[PDB]
Amino acid sequence: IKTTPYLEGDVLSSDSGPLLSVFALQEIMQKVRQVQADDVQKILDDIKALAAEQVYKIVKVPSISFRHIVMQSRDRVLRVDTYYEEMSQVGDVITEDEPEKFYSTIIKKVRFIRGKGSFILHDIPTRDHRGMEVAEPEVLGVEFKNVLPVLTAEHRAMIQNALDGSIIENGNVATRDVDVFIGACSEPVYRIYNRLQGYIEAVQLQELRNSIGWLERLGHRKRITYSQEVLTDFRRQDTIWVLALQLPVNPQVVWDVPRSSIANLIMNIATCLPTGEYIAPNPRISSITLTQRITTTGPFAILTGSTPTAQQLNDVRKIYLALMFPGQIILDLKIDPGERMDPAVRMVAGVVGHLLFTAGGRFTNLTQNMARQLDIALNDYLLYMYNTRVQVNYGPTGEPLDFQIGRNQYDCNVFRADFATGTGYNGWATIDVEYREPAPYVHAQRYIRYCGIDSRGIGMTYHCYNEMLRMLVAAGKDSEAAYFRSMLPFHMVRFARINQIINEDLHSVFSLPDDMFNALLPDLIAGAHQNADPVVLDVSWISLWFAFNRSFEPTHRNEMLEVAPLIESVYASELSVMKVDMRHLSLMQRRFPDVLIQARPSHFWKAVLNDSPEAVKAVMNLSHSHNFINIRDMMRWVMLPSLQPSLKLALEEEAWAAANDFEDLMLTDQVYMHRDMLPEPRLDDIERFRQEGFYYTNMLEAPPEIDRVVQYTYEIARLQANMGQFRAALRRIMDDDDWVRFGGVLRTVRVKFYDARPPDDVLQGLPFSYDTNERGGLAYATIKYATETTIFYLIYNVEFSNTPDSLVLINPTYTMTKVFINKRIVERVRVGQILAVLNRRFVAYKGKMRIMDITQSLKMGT
Amino acid sequence: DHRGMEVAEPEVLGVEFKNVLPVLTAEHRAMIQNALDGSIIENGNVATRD
């Protein structure tokens, strides 16, 4: 099957060009760009990647959560957990001038803790010892290698046997027996791991059966193309089932998002629209000699023999898109002052648009302007008269079609456009919407039938076509009357194919709800679109004639159709996660009023949308660029009740529950400034320095005293900077030797470990930045209240005593700032209790367990 | 945006006072700034437009 040829510049061609779905996507994006104007394969692949989303990581060995530092001694070593530094390094600079940056950073923090907390064990290694199953040293949550060579032999032996005593303990659960042992893990990720394990130990095989049944229901509805049943091999007891997602999605959740009509249309295009070809009713007629084709003289004879080019091809496929989407796509005429042509093409477009397009009834895909243009064009054609002379009887007004024509006085004024019933178009006294059975999607019960026919036709006509022929036989134009009489079956079969495409392939969650579809036309006639918004595209004149002379026959179905329930369920789960993120952000703001920063619903929405899958971000961005929202929409949408339960949402809720303590999130406000003479090694007598070593930090181990300390809130700091005595005040008060606090707001802090002398910036930086703008301003030099601040852990290398050139600070200097924390990050512990972190219960499934989920396993598709 | 509220910049207001800032004291500038920043922006509807 190949399309009928079209002229390309000077030579005919019959190639299909780009895909129809790609064309629709680029046309809609270009249109919305023009809307705002005062990659299509990338976005399609971004939508495709939504299926490949994976939440829980099946890992061989849990991540190491501790490490050690040893310095010239056997009794004690320093220990540190890596969780705090990994939590801190994902930070970003914070100012209260940017609430959206603030809350986007918080969202990044909680997403990081959720992602690092979600994991599970499958195939742990085992070793044997005297018939006892013992875990390997590497599977633990604590890694130690540097401590072994340096320690005294007795301590080495008494830690070696204790390490060897890590015997695997056996136990049984609902899935028979598994392996249990002790381990070490940090608190938040262990809480997330426990929550995930508790969800896993829940059993919902009945939910699996219901999901299978819904899949089969949708499958026999889509029995024309969807067929995949693999259930025969699933039933083996040596398996583990992870029901991470509930498949019977609820369309109300995804249809509650305000101004989401454009995004829903665009992603329905992405996931359902098929690819076709454009075929003439009589193939290969464009190759025969033109003398055969242009038989005589007339407007129809002039348009006969013309051939289209790429512009008309694109406009014809735009027309077909509008026909396949009645309630979302409307059309108008592309009008410019540069047009010049025969009015014959305008007359034929006028006479044919009444047959091709529908108005009134239950749905209309034309504008009032377009309907009026079609009416005046048909008036011009009916008044146009070249080979005969017949009588005409005009009416009282100057309206189009307000006359009577023919030997019998026949009223053509019915064909004047009216949206109340649709007399002049295909909605004229013919049923088009009907209900048969409860659909698998509970909001898309309707069936759309053009011209009242169903594919489940030879020689059938319909009402509008019958009175069209009645018009034309009253007008006495028997030439094109016979032409339309002969061309009837092609029109009927093409509209049957369009009906089949509309009713069968397009059934998805993204179809417009029935109430909104019925209320679209009242909103259109009223003029105020309070609920939904369609889009209107421009199309040329002769594209109508070429559309009536062409057809649409599919060749390749949409490849994404095999995972569309999966991607839509994931998409709804993402919406639910974002909504609960909004809720918990609002609650956290209420919970901590004195130190958090006030933001608006728009700020919260942008913050929660900043970290999101790319397809979701792009579709929301384009929808909200096309159509607007206000604070009222956010305040309503945050209060709506519906949610989509999921493992992802449960993990998010548990992440918030662990993040109730905002201080544990590597955020604080306990930053202080106080001059300390920076300690340095004496480096005079070599042997004692080698035996001792030295390490230092700016840690505040205890909170400072309530007296001899001042506070600077941001407003006082701003006013002092605007005055210009900020440096003087700080200088005098620090010459007074007092503590100072930069409290009021949350500051991100980084942590970093140093084995040598660092650059001077981290040594003696300041919590603020001071910039002296040009003289003659309103407010003089200004202050950025918060900037990069880094707590540092300085531990020198004893070997570098041979080369002090990289270790001497040349000239003595002061240390400027200090930070207070309450949690333990690095602590000095005696070697007698290194193993004191082995306090968490690790469980693991056997290797022979086959652990998976069929909803993600189905994506093979063969 | 100040304290979560939209406040217009001080130059949209048709008052020129850049010359008298260096003569005021601490308290005077404090009350002048406190009065100035409180001119929030309210929302309204005109001809069914926001």
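Chains I and E are the protein sequences, given in the same order. Residue numbers 12 to 49, 63 to 480, 489 to 894, in the deposited numbering, belong to the letters of the first sequence in order. If you count the second sequence from 1, position 25 lands on 176 in the deposited numbering, and the numbers rise without skipping. Quick reminder that beta carbons are idealized off the backbone N, C-alpha and C, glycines included.
### Task
Below 8 Å on the Cβ atoms is my guess for I:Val158 versus I:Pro149; work out the distance and round it to an integer in Å.
Stepping through the first sequence from its first residue, residue 158 of chain I is reached at position 134. Stepping through the first sequence from its first residue, residue 149 of chain I is reached at position 125. Not a contact, Cβ separation roughly 11 Å.
### Task
Consult DSSP for I:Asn338 and reduce its assignment to one of helix, strand or coil.
Here the question's residue 338 of chain I lines up with position 314 in the first sequence. Helix at I:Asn338.
### Message
Would you say E:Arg154 lies against chain I (beta-carbon separation less than 8 Å)?
### Response
For the purposes of this step, residue 154 of chain E is taken as the residue at position 3 of the second sequence. Yes, E:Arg154 counts as interfacial toward chain I.
### Short Cβ contact (8 Å threshold) for I:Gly476 with I:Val414
Residue 476 of chain I sits at position 452 when you count from the first residue of the first sequence. Residue 414 of chain I sits at position 390 when you count from the first residue of the first sequence. No, the Cβ-Cβ distance between I:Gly476 and I:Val414 is not below 8 Å.
### Query
What's the call for I:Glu591, buried or exposed, on a 16-neighbour Cβ count within 10 Å?
Walking along the first sequence from the start, residue 591 of chain I turns up at place 559. Answer is exposed; the Cβ neighbour count stays below 16.
### Query
From the beta carbon of E:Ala159, is the nearest beta carbon of chain I less than 8 Å away?
Start at 1 with the first residue of the second sequence, and residue 159 of chain E comes out as number 8. Cβ-Cβ to chain I under 8 Å: no for E:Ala159.
### Inter-stretch contact (C-beta, 8 Å, three-pair minimum) for the segment 698 to 718 of chain I and the segment 846 to 853 of chain I
Judged by Cβ distances under 8 Å, the segment 698 to 718 of chain I makes contact with the segment 846 to 853 of chain I, as three or more pairs qualify.
### Message
Please list the terminal residues of the continuous alpha helix (DSSP H) segment that includes I:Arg707.
### Response
Counting from one through the first sequence, the residue named residue 707 of chain I turns up at place 675. In this chain, I:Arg707 is not harboured by any alpha helix (DSSP H); it is covered by the beta strand (DSSP E) spanning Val703 to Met709.
### Query
Based on the DSSP secondary-structure assignment, which residues constitute the bridge partners of I:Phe774?
Along the first sequence, read from residue 1 onward, the residue named residue 774 of chain I stands at position 742. Residue pairing by DSSP places I:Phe774 opposite no residue, since no beta bridge is assigned to it.
### Query
Which residues, in chain order, does the segment 166 to 192 of chain E contribute to contact with chain I at a C-beta distance below 8 Å?
Only those residues of the segment 166 to 192 of chain E whose C-beta falls short of 8 Å from the nearest C-beta of chain I are listed: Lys169, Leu172, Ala177, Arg180, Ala181 and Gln184.
### Message
If you measure between the beta carbons of I:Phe136 and I:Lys81, is that distance less than 8 Å?
### Response
Taking the first residue of the first sequence as 1, we reach residue 136 of chain I at position 112. Taking the first residue of the first sequence as 1, we reach residue 81 of chain I at position 57. Cβ distance not < 8 Å, so I:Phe136 and I:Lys81 don't count as in contact.
### Min CB distance I:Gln630 to chain E below 8 Å
Along the first sequence, one-based indexing puts residue 630 of chain I at 598. Proximity of I:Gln630 to chain E, defined by a Cβ-Cβ separation below 8 Å, is satisfied.
### Task
Spell out whether any CB of chain E is found under 8 Å from the CB atom of residue 50 of chain I.
Absent here is residue 50 of chain I, because the residues of chain I run from 49 on to 63 with nothing modelled in between.
### Message
Spatial neighbours of I:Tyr408 within its chain, please: C-beta separation below 8 Å, excluding the five flanking residues on both sides.
### Response
Start at 1 with the first residue of the first sequence, and residue 408 of chain I comes out as number 384. Closer than 8 Å at Cβ, skipping near neighbours: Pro323 and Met371.
### Query
Helix, strand or coil for I:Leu841 per DSSP?
The residue you call residue 841 of chain I lines up with position 809 of the first sequence. DSSP places I:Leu841 in coil when its eight states are reduced to three.
### Message
By the 8 Å beta-carbon criterion, what residues does the segment 740 to 767 of chain I contribute toward chain E?
### Response
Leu751, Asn754 and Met755
### Task
May I ask you to report which of helix, strand or coil DSSP gives I:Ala159?
For the purposes of this step, residue 159 of chain I is taken as the residue at position 135 of the first sequence. Looking at I:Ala159 - three-state DSSP - the assignment turns out to be strand.
### Query
Excluding the five sequence neighbours on either side, which residues of its own chain have a C-beta within less than 6 Å of the C-beta of I:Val174, listed in chain order?
Here the question's residue 174 of chain I lines up with position 150 in the first sequence. Here the set comprises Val94.
### Query
How should E:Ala186 be labelled, buried or exposed, when 16 other C-beta atoms within 10 angstroms of its C-beta is the threshold for buried?
Walking along the second sequence from the start, residue 186 of chain E turns up at place 35. The residue is exposed, with fewer than 16 neighbouring Cβ atoms inside 10 Å.
#### Entry: For I:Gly775 and I:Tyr746, the rounded distance between their alpha carbons
The count along the first sequence starts at 1 and reaches residue 746 of chain I at position 714. The count along the first sequence starts at 1 and reaches residue 775 of chain I at position 743. Their Cα atoms are separated by approximately 8 Å.
### Message
Short of 6 Å in beta carbon distance, which residues of its chain neighbour I:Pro350, apart from the five on each side in sequence? Order them along the chain.
### Response
Locating residue 350 of chain I in the first sequence gives position 326, where the first residue counts as 1. Spatial neighbours of I:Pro350 in its own chain (CB-CB distance under 6 Å, excluding positions within 5 residues in sequence) are listed in chain order as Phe387 and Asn389.
### Task
List in chain order: all unbroken alpha helix (DSSP H) runs of 4+ residues lying wholly within the segment 571 to 643 of chain I.
574 to 581, 596 to 623 and 633 to 642
### Message
Rounded to whole angstroms, what is the Cα-Cα separation between I:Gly20 and I:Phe549?
### Response
One-based indexing of the first sequence puts residue 20 of chain I at position 9. One-based indexing of the first sequence puts residue 549 of chain I at position 517. So the two alpha carbons sit approximately 42 Å from each other.
### Task
Look at the alpha carbon of I:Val571 and the alpha carbon of I:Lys358, and state the distance between them as a whole number of angstroms.
By one-based count along the first sequence, residue 571 of chain I stands at place 539. By one-based count along the first sequence, residue 358 of chain I stands at place 334. Rounded to whole angstroms, I:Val571 to I:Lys358 spans 5 Å at the Cα level.
### Query
Using 8 Å as the threshold, is the segment 426 to 445 of chain I in touch with the segment 509 to 525 of chain I, meaning 3 or more CB pairs across them?
Contact fails: fewer than three Cβ-Cβ distances are below 8 Å.
### For I:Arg872 and I:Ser251, the rounded distance between their alpha carbons
For the purposes of this step, residue 251 of chain I is identified with residue 227 of the first sequence, where counting begins at 1. For the purposes of this step, residue 872 of chain I is identified with residue 840 of the first sequence, where counting begins at 1. Roughly 47 Å between the two C-alpha positions.
#### Entry: Alpha-carbon spacing of I:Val273 relative to I:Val851, whole angstroms
The sequence position of residue 273 of chain I within the first sequence is 249, counting from 1. The sequence position of residue 851 of chain I within the first sequence is 819, counting from 1. C-alpha separation (whole angstroms): 49 Å.
### Interface residues of chain E facing I:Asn662 [CB-CB closer than 9 Å]
Your numbering for residue 662 of chain I matches position 630 in the first sequence. Neighbours of I:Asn662 on chain E, chain order: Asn194 and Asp201.
### Query
If you draw a straight line from the alpha carbon of residue 481 of chain I to that of I:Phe726, how long is it in whole angstroms?
One cannot assign coordinates to residue 481 of chain I, given that chain I in this structure leaps from 480 to 489.
### Query
From this set, I:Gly300, I:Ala35, I:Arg259 and I:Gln276, which residue's C-alpha is nearest I:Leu672's C-alpha?
As a working note, residue 672 of chain I is residue 640 in the first sequence. Nearest in C-alpha terms to I:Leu672, of all of I:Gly300, I:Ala35, I:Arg259 and I:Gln276, is I:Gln276.
### Query
Over what stretch of residues does the beta strand (DSSP E) that includes I:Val783 continue unbroken?
In the first sequence, counting from the first residue as 1, residue 783 of chain I sits at position 751. Unbroken beta strand (DSSP E) run through I:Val783: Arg782 to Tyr786.
### Query
Residues in its own chain within less than 6 Å of I:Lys784 by CB, not counting five upstream and five downstream?
Locating residue 784 of chain I in the first sequence gives position 752, where the first residue counts as 1. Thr822 and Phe824.
### Query
Applying a beta-carbon distance threshold of less than 8 Å, which residues of chain E neighbour I:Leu617?
Along the first sequence, one-based indexing puts residue 617 of chain I at 585. Within 8 Å Cβ-Cβ: nothing; I:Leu617 doesn't reach chain E, min ~14 Å.
### Query
Does the beta-carbon distance from I:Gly115 to I:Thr819 come in below 8 Å?
By 1-based counting over the first sequence, the position of residue 115 of chain I is 91. By 1-based counting over the first sequence, the position of residue 819 of chain I is 787. For I:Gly115 and I:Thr819, no; Cβs fall outside 8 Å.
### Task
Indicate whether I:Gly374 and I:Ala401 have their beta-carbon atoms separated by less than 8 Å.
The count along the first sequence starts at 1 and reaches residue 374 of chain I at position 350. The count along the first sequence starts at 1 and reaches residue 401 of chain I at position 377. In contact: I:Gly374 and I:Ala401 (Cβ atoms closer than 8 Å).
### Query
Mapping DSSP to helix, strand and coil, what is I:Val266?
For the purposes of this step, residue 266 of chain I is taken as the residue at position 242 of the first sequence. Residue state, collapsed to three classes: coil.
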